[PDB]
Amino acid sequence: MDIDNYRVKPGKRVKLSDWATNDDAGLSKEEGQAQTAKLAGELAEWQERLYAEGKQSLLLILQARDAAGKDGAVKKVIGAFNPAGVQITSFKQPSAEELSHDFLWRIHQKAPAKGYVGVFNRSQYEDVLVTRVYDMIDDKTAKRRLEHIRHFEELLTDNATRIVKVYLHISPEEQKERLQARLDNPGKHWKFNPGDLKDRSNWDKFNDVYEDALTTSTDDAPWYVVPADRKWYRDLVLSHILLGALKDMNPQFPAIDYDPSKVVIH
């Protein structure tokens, strides 16, 4: 498996219909789940080093259509970290107070502190996604917002916040099956809403604006297009992406001023 094949290279426009939704890297589900469990132990150790060092941060941004696995990826993969070192924000419809500020005001508030992992389940990119499809903003505004988003990510990068953006890529048939499973389950009815159907009738428009959003992929702030039809494969790929980032960040335990083997506990 080469996860760099899922990275959007800078300057290369994405045509999503040419990107796989259903990869398995030749692995069975059981092999994939076992590898994910092993990576979870490494994710925990590297995140503990990140916290103890207190010099850098990691920001994971998740965007995806409804039912494409944002909630599941956070549970399964972000669940590998110590929850004391993680701040997860699920960005919903802007409140009245948030709308009275610039669109990055509420986003910047949640940028992670030194030593922490930040996770945006939805993010600044919502302001150039649904808002474009339903004509809440026009193209001129959307282009300007994408520029402001690039500048914001450059600001965080220079603050030693390592940025990873992940689009979970599922097929329309797979989304239909997952949405049907919500309708069928009385304990999941509360998660099906009329907007689900409206967004499906705008599937191709959403492709267009997601492909515009993916143009912010840079070497410092990459987008990944993760094939997510197989939930276990989504979790495996995301685990690799996050572990590669942490290993590259290479946090170190701080120096200590004593010899641990000589400490006497009474």
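Start at 1 with the first residue shown and count on from there.
- Judged by mean Cα B factor in the deposited record, 15-23 ranks above the other of 15-23 and 247-255.
- As the entry records it, the average C-alpha temperature factor is higher for 193-201, out of 193-201 and 55-63.
- Remark: of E126, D102, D158, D138, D138 shows the highest value [criterion: C-alpha B-factor in the PDB entry].
- Of the candidates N82, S171, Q109, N121, the one whose C-alpha carries the top B factor in the deposited record is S171.
- Ranked by Cα temperature factor within the chain, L146 sits in the middle third according to the deposited record.
- Among all modelled residues in this chain, the alpha-carbon of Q180 has a temperature factor (C-alpha) in the highest third.
- The entry lists a Cα temperature factor for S239 that places it in the lowest third of the chain's modelled residues.
- Among the modelled residues of its chain, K188 has a C-alpha B-factor that falls in the highest third according to the deposited record.
- Remark: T36 belongs to the middle third of its chain, ranked by C-alpha B-factor as recorded.
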